[PDB]
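Q: Okay, here's the structure, questions in a sec.
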Amino acid sequence: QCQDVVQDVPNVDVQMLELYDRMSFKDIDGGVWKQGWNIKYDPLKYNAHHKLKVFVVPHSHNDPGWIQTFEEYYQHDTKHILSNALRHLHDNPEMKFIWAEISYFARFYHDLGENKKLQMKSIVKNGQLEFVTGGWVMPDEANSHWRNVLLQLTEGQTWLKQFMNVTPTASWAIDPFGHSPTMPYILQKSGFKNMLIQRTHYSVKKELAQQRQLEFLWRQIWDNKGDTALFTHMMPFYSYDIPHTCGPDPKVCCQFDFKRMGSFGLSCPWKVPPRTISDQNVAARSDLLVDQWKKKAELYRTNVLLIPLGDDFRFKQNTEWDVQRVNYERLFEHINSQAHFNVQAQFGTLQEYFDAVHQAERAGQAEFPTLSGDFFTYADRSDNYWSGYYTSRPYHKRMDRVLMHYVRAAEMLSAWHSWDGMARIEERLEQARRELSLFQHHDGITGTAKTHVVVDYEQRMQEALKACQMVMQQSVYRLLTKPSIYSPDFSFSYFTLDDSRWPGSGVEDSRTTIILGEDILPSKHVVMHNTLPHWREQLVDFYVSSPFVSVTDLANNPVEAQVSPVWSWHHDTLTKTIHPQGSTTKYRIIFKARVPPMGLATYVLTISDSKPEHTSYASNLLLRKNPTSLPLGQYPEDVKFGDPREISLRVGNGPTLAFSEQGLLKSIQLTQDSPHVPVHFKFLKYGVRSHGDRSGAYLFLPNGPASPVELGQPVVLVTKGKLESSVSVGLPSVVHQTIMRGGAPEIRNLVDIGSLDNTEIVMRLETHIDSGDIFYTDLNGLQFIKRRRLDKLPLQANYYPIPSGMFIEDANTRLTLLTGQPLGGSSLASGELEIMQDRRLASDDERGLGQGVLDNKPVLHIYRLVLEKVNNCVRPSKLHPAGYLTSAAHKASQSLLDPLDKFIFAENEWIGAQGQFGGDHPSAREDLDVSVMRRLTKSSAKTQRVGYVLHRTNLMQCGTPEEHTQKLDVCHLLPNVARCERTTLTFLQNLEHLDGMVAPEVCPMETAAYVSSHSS
Ligand SMILES: O=C(Nc1ccc(Cl)cc1)O/N=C1\N[C@H](CO)[C@@H](O)[C@H](O)[C@H]1O
Ligand SMILES: [Zn+2]
């Protein structure tokens, strides 16, 4: 019933991995079309009964932050563009305009009076102003998580449906730096019919153009049937600006950008300015322009041609609207009335273009090719590959993933109840969704904005995290307090969030110590939340004021715990070492929390005067020449010292890890019977070219392969505990930590590139896996795609986005690295994986930013490292373009991206406390997630509505027998269900009324949305 996503290789006309394997990437001068060739056309192709239909589509690219902040641009540019659009379109009925960025449109619309709102609605209604995509932003496609792509699309489309009563079905993505099939995946499931893309490698544009394969049905890589296909138009030329949109010769096209005549400070760099169209030159100018259009049309299969007309922050001035509109109207009048051109040209919208193309297709003009794959890594010219922004500003890349989780958790926790308006829950959740959605912009998460703009995004995300914390903690208080005892005040802090990994140890001393004492306060409630729809156990840790602490559950059952010191690291400028210091005033308590599906569990920490029965203490070993003592206050075990040596550790039944004398992993033995498999961590640095093109925020232009970071004799700290052990080493620019809790290790890097200008720090893994030239990287946390290292491409082209994970494998062994933040990475030799940590660039890379990247700050990167035997796994065949995680790797990814949330009760006594919430929630199969749970109605609605997005991944079968699991029917998670509907993923259209009000679970690799309606 479900499609098999593993075992059937789809047959498509263009499969991008295969196309890459065959294609030439030579950068040859193609003439006026520098990256193409001199286009020829048969003049007789067009005649009285077969005319070329041209749609000139005015647009204005508005970045929600880049060289100015969102609000700076809105005040300086965008408010003027939209005010002038409203005026000019209202006054000129044949003029059209498309608008993409709903963040700005909403910012504008809410400063409009009623009269202007009605005027605006009128030009939308009549089709003059058309929204394209309708997302809050035009998102990055490399670093963004699919959940956030959906978040921002939903934010924008919900706004448009509520205020404009429109839902776009055509998407416009002219600026993201390379393109992902995650986009058509999400769009096709959200009602879209067509999409347009632009920034693809110039060699791919040439290859596809030659074959008229620039318009294609883009299906997912595993889709044998084609049910996921979305019609896609790829623009053929170097840019979306007017010189690169009218046709192949920018010297000619520039003459048709009427903003470039002088009075607007713009000109044509090809040295021929535009001239005003008049009766004395209209025929000559028309001839020039039609010949460009006819050349562009040769690259496409129908007689319908798309001519975008715009550029960045265009259509700002009244006089600009006039100069473009009047000159084009003069051209259209001449061209259309002169039969010898056989052209009918008009202003159009994007949807108008696609409608006409499909009309032509239905008329049998053309059949379109099918395509799968992705469009990374982009290069716009020569060897200038845009793999730098897979890593740029990694602090904020990590912050994105943190906020992604806290928005999900806040929406889910608060969804269980309806809230009085005074609680301000909807206000806070809307703020958080909008700040996270804004950051998905292709100059946000990409790390390609100016320094002060990055600070604006950071501040906005900090406010969003605060809003999430507020909603979460109010929700926990409500869900775990006896209903007749619950006495909320909506401005009060019942709990504080405790997060061990953001900002992280050594980044910020943000964490609250639980203060207990025999003479003051014996015990403290803590609460864990599990956003995933299965029972979950995870070790959690808290800081406490004494090492003599016992843990119990809320039936007072003892829970095994481990206490460890609180270690921090310091670049000790006196002794010239990077070395740890232990706290003498607080300690870490660690225990396994077990939490219901989408639920909560309460535990209690209690002080004692001596070592508790069920709490053990870690040993600590400091390996270094020239040791000095490390006192630890009340901690009962003295630190031990040793000269650097190889060491091995094993927690529980789990793998045994060996470490070099520099405290870096060297090997992993999976079981007592198995071999010690070589897996070596190494840190290296890339530099920058002294002559020739410089790396910057966008571009990665290394001066050769990376060189090893010289480690000296680093200080190594070993902590050995029953529940958790770790090895940490202070290296130059990186405190590197491997943590073992009895399965796949966790890796944490506290990365501080300091003042190392023109350096990029990379973490590499070296193994004996014979992967050859193959490796796998994920796309938007949604799917893994097969990559092939090509030596016909330079090193920076073989870097790909690693938004959530990467792996290499051979017949028997796989090594998967899961990430808690998007970064760039590759496999540059058989058996290697590498992932960039940070980059500090003192030069601009000539893409408009006008600065390097010199605002680095310490960031705590997190990973899981999974080594597995895979000879028993049922994998795709050699020619299949996808890869799939194992269950262990998928759970490891979930542990990074959606960990348990931890709450500390903020006062001395919690009256009416309960031990659990969600004990009765079904525990769904491990491949299924409830990606979104969101209440859609305010508390006054008679009919309450809750939306759910359900995602089922596909995990490899490797012989672990499948346990029975419960069916999850989201429509029955809340009481009094009156209806259950399947909807588009934005919740905006009902697709199916569901029998028995039961929401079916979805197939592997499918995502479905459901809305349950409840009588209230
Ligand atoms: O690169 C530019 N530079 C530029 C922009 C406006 C003006 Cl008036 C003059 C120059 O244009 N636009 C853009 N440039 C960047 C890529 O090169 C990209 O990060 C940004 O999002 C994209 O919109
Ligand atoms: Zn842009």
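Residue 1 is the first one shown; counting continues down the chain.
Cβ coordinates are placed from backbone N, Cα and C, and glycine is handled just like the others.
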Q: Pick from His417, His442, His452: which one does Swiss-Prot list with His61, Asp63, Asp175 for the same Zn(2+) site?
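A: Site partner of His61, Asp63, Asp175 for Zn(2+), according to Swiss-Prot: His442.
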Q: Give me the CA-CA distance between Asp175 (active site, nucleophile) and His61 (Zn(2+) binding site), in Å, as a whole number.
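A: On Cα coordinates alone, these residues lie 8 Å apart.
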Q: Are there any residues in the same chain, six or more apart in sequence, whose C-beta is under 8 angstroms from the C-beta of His442 (Zn(2+) binding site), and if so which?
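A: For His442 (Zn(2+) binding site), the qualifying residues are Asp63, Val137, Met138, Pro139, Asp140, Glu141, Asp175, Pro176, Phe177, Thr448.
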Q: Where among the recorded positions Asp63, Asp175 do you find the Cβ with the fewest other Cβ atoms within 10 Å?
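A: Across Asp63, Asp175, these recorded positions, the one with fewest Cβ atoms within 10 Å is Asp175.
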Q: Is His61 (Zn(2+) binding site) helix, strand or coil when read with DSSP?
A: strand
Q: Within 10 Å of the Cβ of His61 (Zn(2+) binding site), how many other Cβ atoms can be counted across all chains shown?
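A: Result for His61 (Zn(2+) binding site): 18 neighbouring Cβ atoms inside 10 Å.
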